[PDB]
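Protein chains in written order, with our numbering: chain A, 1 to 292; chain B, 293 to 451; chain C, 452 to 659; chain D, 660 to 831. Quick reminder that beta carbons are idealized off the backbone N, C-alpha and C, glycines included. One structure is given below, encoded as structure tokens.
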Amino acid sequence: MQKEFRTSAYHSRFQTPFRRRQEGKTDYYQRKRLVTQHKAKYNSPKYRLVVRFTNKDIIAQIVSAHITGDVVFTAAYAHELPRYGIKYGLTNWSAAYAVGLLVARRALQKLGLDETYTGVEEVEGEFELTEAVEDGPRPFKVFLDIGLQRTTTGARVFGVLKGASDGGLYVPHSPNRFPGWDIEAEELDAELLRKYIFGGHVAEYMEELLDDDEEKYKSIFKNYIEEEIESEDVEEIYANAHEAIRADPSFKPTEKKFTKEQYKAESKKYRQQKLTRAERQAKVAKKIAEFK
Amino acid sequence: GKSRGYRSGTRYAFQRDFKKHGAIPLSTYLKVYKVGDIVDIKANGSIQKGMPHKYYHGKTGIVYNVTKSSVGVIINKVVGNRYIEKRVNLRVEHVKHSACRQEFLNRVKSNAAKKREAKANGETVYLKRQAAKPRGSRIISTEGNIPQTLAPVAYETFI
Amino acid sequence: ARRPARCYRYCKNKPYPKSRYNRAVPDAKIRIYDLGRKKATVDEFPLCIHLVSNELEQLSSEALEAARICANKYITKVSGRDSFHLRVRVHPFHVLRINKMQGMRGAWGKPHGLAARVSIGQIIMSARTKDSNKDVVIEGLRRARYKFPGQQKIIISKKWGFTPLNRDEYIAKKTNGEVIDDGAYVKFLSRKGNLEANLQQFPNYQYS
Amino acid sequence: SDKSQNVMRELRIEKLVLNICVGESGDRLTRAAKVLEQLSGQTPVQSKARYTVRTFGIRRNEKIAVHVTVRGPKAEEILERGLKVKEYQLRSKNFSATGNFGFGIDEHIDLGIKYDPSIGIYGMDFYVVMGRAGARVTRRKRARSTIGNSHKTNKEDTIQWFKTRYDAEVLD
RNA sequence: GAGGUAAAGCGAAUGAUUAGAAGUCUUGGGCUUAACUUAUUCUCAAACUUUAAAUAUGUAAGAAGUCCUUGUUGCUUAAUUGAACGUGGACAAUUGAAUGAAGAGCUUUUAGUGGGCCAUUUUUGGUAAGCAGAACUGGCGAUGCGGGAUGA
RNA sequence: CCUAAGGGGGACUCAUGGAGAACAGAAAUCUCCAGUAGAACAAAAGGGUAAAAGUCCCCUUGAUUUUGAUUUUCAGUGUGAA
RNA sequence: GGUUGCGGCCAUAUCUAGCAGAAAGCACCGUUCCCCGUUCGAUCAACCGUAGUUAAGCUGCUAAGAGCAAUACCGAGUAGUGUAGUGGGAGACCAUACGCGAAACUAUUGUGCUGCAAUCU
Ligand SMILES: [Mg+2]
Ligand SMILES: [Mg+2]
Ligand SMILES: [Mg+2]
Ligand SMILES: [Mg+2]
Ligand SMILES: [Mg+2]
Ligand SMILES: [Mg+2]
Ligand SMILES: [Mg+2]
Ligand SMILES: [Mg+2]
Ligand SMILES: [Mg+2]
Ligand SMILES: [Mg+2]
Ligand SMILES: [Mg+2]
Ligand SMILES: [Mg+2]
Ligand SMILES: [Mg+2]
Ligand SMILES: [Mg+2]
Ligand SMILES: [Mg+2]
Ligand SMILES: [Mg+2]
Ligand SMILES: [Mg+2]
Ligand SMILES: [Mg+2]
Ligand SMILES: [Mg+2]
Ligand SMILES: [Mg+2]
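Given below as structure tokens:
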């Protein structure tokens, strides 16, 4: 009764979007605004702090874009944190802060700007930007790229922001998206921000849940229970981790249990292979014959 | 009433290519232009800022100025009995590097390499390009290729 | 009313069709393009005879109507109304203009009539019939030729009816099960697409 | 693999939407909103007419209808309270091809709430959107995709699930 | 490099359009007609189009070039990065396609003119016109001479 | 003609069709699916635009100051506009 | 080789209908004290990685698949066209000479390639 829509003309005239837009992964509007560089700064690249959250991991990368593809400068993942002493809550706002601090320290070590631009060595939660030192190189400038993730006051991407800013990178930002920002009275409550930096919210949940719902405390905070980690010593886990991250921010790759060839040979066993033209012609001939 | 507006007659010139509408791929914004570069001008209809006039659509020129998002291009236009130097400000979406530079610069590199190697081998080489010359003599073998005789065909109607 | 056709014989202007730009255009005199037994199957009328243009020219809708009527009347009178299927292959889509119906000021004309722009070798009329009805169909077209200006040729087609296949390739594809009826026309077998649907639609398909 | 008796293929209610399309604006619509807030415990939202129709007495952007969306156990409670009014007998023609179903009560006191002369009686519309786990794929911002054909909810599956879960009847 | 005219296309979008056939009417009436849907069919577009010429058109084919080394700045870079302009060094007449070149470049000053017309080809209005209006070129005007008997 | 129909940011996706829901029916409101834009973008027409240039929301005055360069029409004068 | 993050070109990558998927990743998935946003913790925010699952997403494979791309003793040196004649023809138009040269059609083949970082039976 109604016209069939998916005609051959519909498919012929359909213009498919960009591959990574159809994947729903790249916002090319924002990407153009982030990447495009002043034409009189000819080959000087703009550096992005790409911050992406998965269900289990925090990915922070410093990236510059080129015609053949993006090039990673350094990268810090949340699963590197256990090396530094954070094994649980690998997606906290505080885990985000630690990852941002780690990527900042690693980038500055790679560049050579360690003694200059140390950052906020005494984290009190105050809003601060990395100021340049007179008669010295300017701080490494990086712009935050949160991708498709929504901008909300209290979001974890700005946790990675705050960690990277305190780590010595100059990343331009405002404090009105941090946890503890009073929108009515436009000032930042640094006490609550420091709480979030050192897992204060998580510790308060532990304390509030333990005396109200012990069974839920046992299921949600199992790993802490078998690790004998209470609320009062939650903060120290981060406070030490910070210090260790500043002590040795260098990247240590995981020792690989197999070689590239072994990985490839194992994976190739589970990969279906395309039928040859002759094979599918033979299948067609067989189906015709069995159709008589 | 005659109409001679800025974009008159650009109905097809300023159209996007079929199945090529929408966002600009970012290699356009990643290319680097220096003063003295030779660039083609091709208006992109989806960017209306910094758009060239229809005369410069399809022209090639020299970059003379580099600004935040644009380049200044020098074009020579015939006005009566002489050329006038025109200075056009174009956003980089309407600009592309000219491919004639890389070919001539490659012939320069190849000539330098051939001349130095010929000097190393102690011989001489001629570097001037040559037009296609008439072909030389040749012998056509007919083993397996004995000439087939054709004739004009009679008239037929095929409808 | 109507000027002599000589005033509009030649394709001097660009095509001027009905559009959103000219709207008050009269109708063509020809409205019927298929006559005779238009529902006959392809196998019933193997012989095709064409009236072909040897002119780059314009034919009015009035001439198209007159020739259609003349050919139809003669062929139905001599051989019966169901012994043929006549098709007029040119549609008048070009609007002629008339000025008088001051001086040369504002002389852009008003729609006056419709004409078909025909090329050299363009088919004007096609008549599919049986072989035994050749001389009749030919004389029907030869009479219709008088209603047209210029030179036209009566050409006996090499093909089966209104199909694009010769009278031997059609028989080969018919005995090979590659042709099925579609009412007045046929559908041909394709070696592309869904194999099962192709086989179902052409059951007698002797695959090689 | 691809086993139909998988845990994640379980049908369950996504949302229940309660609609009262009072044809006018003002006191009647306000009292209908009061009824909806009473039943659901949630502030309802008023919908405006998309265009003007003189026959129906509505105009564009005039607040006409009121509706509310409930999810979870509260949706289940309201749905079974309404199925009591329907005496657990829907029609085969109450289920859409996409696996959703709906019915409409005519008096809101049949649901089991107290009647007030000031409020009056409003009829009400119930619609239940069915869905399995993984529907977040079609609603999330990043990497949004479509649901595979086998994981989709359809009319036959929804009818069978309704008959099993409510011991009710679907009048074919 | 650019182009969207000729051609082509319409079982490709838009718009126009001839004919049957098979289904659905469940939201048309009296087996029936008419609607739609599906696969087909005839014919079209200066102000339609996926495609797309020929002719015409932009740029380049070096010494003011290419490569190597390292100076200036308040611009620019996280930078010791660049941008521009440079010092110093190497590559010599096949110095980097053809053909031609009563030489190239530059300046001042002033006359007449600012009714045009014709032919081929492209082309608009008009039934057409030794009609009216455009495109490119060549002519007449401004030009005699041989031919078209005669004739811008 | 417009204090937004200007500027910035964010969120959302349009025309239309199908299948469903009391009154409710061809057209009210609700839901899902399909939907390359077949919608919309002040006004002619053409071009352009889909995580937007469209719809809705938040904040605003870059519709500000200074005087040069350039493009179009062009005599390479003015005006307008960019 | 698989996978993820960020990409380049932007369908050989899209679309429809099926099937398979080890490891890790990704994902769905669980919860609402806290920052935050909603008619609705569905989306968005936060928390746990603890209770579960490859069902879906994703990836690959299948189809005389639609589409798309490429190629060509396919059509066709056809249509068109630059240049020429005191060529033909009443004309409409056409042929010839020196050059350039399509589109549809037909057939065949293919169905993402790839850069940086990290990771994995
Ligand atoms: Mg954004
Ligand atoms: Mg174009
Ligand atoms: Mg503007
Ligand atoms: Mg004319
Ligand atoms: Mg044009
Ligand atoms: Mg044409
Ligand atoms: Mg074509
Ligand atoms: Mg068409
Ligand atoms: Mg004078
Ligand atoms: Mg004068
Ligand atoms: Mg005068
Ligand atoms: Mg004179
Ligand atoms: Mg003379
Ligand atoms: Mg003489
Ligand atoms: Mg004479
Ligand atoms: Mg606007
Ligand atoms: Mg605004
Ligand atoms: Mg926006
Ligand atoms: Mg000027
Ligand atoms: Mg001006």
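Listed by position along chain B, the residues whose Cβ is nearer than 9 Å to that of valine 35/A are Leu318, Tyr321 and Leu322. By the CB criterion at 9 Å, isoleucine 526/C and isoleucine 606/C fall outside the cutoff.
Residues of chain C whose Cβ lies closer than 7 Å to the Cβ of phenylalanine 450/B are, in chain order, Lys609. Taking the Cβ atoms as the reference, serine 699/D lies roughly 5 Å from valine 729/D, within the contact range of under 8 Å.
DSSP, reduced to helix, strand and coil, places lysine 480/C outside both helices and strands of the structure shown, so it counts as coil. In the structure shown, the three-state DSSP call for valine 120/A is coil.
A Cβ-Cβ distance of about 15 Å is found for the pair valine 569/C and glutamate 513/C, leaving them out of contact under the 8 Å criterion.
Using a Cβ distance threshold of 9 Å, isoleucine 333/B and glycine 350/B count as a contacting pair. Beta-bridge partners assigned by DSSP to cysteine 499/C: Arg579/C.
Measuring C-alpha to C-alpha distances from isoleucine 354/B to each of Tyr347/B, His345/B, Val327/B and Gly436/B identifies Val327/B as the nearest. Per the DSSP secondary-structure output, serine 511/C pairs in a beta bridge with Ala566/C. In the DSSP annotation of this structure, the continuous segment of the beta strand (DSSP E) that includes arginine 374/B starts and ends at 374-383. Annotation for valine 681/D: no beta strand (DSSP E) segment contains it, and DSSP assigns it neither H nor E.
The stretch 533-544 of chain C makes contact with the stretch 470-488 of chain C: 3 or more CB pairs, one atom from each, lie closer than 8 Å.
By the Cβ-count criterion, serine 504/C is buried, with 16 or more other Cβ atoms from all chains shown falling within 10 Å of its own Cβ. Membership of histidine 536/C in the beta strand (DSSP E) is indicated by the continuous run 535-539. By the criterion of a C-beta distance shorter than 7 Å, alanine 491/C is surrounded in its chain by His536 and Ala635, once the five residues flanking it on both sides are discounted. For a Cβ distance threshold of 8 Å, residue set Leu646, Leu650 and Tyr658 of chain C lies close to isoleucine 288/A, ordered along the chain. DSSP places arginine 453/C in the coil class of the three-state scheme, outside both helix and strand. Counting only residues whose CB is nearer than 7 Å to a non-hydrogen atom of ligand 2, the list in chain order is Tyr304/B, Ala305/B, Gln307/B and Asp309/B.
Under DSSP, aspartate 784/D forms a beta bridge with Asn678/D and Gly763/D. Looking from the CA of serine 751/D, the closest CA among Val829/D, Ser663/D, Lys662/D and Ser706/D belongs to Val829/D.
Runs of the beta strand (DSSP E) spanning 3 or more residues and lying entirely within the stretch 591-646 of chain C occur at 603-607, 630-632 and 637-639, in chain order.
Scanning its chain for C-beta atoms nearer than 6 Å, with the 5 sequence neighbours on each side dropped, one finds around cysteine 680/D the residues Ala724, in chain order. Cβ contact annotation for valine 72/A (same chain, cutoff 8 Å, sequence separation greater than five): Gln61, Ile62 and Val63, in chain order. The closest CA to that of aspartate 248/A, considering only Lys41/A, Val35/A, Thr68/A and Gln109/A, is found on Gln109/A.
Check the Cα spacing between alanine 567/C and each of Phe599/C, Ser470/C, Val587/C and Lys561/C: the tightest is with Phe599/C. About 7 Å separates the Cβ atoms of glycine 147/A and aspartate 27/A, confirming a contact at the 8 Å cut-off. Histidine 66/A has a beta carbon lying within less than 9 Å of a beta carbon in chain B.
Within the stretch 98-153 of chain A, no run of alpha helix (DSSP H) at least 4 residues long lies entirely inside it. If you check the C-beta of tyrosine 28/A against ligand 1, you find no heavy atom less than 8 Å away. Under the Cβ distance rule, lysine 800/D counts among the residues neighbouring chain A, one pair being separated by less than 9 Å. Comparing C-alpha distances from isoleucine 58/A to each of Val99/A, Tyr47/A and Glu266/A shows the shortest one belongs to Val99/A. Every unbroken stretch of the alpha helix (DSSP H) spanning 4 or more residues and falling wholly within the stretch 150-224 of chain A is given here in chain order: 157-166, 190-197, 200-210 and 214-220.
Scanning its chain for C-beta atoms nearer than 8 Å, with the 5 sequence neighbours on each side dropped, one finds around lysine 218/A the residues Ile225, in chain order.
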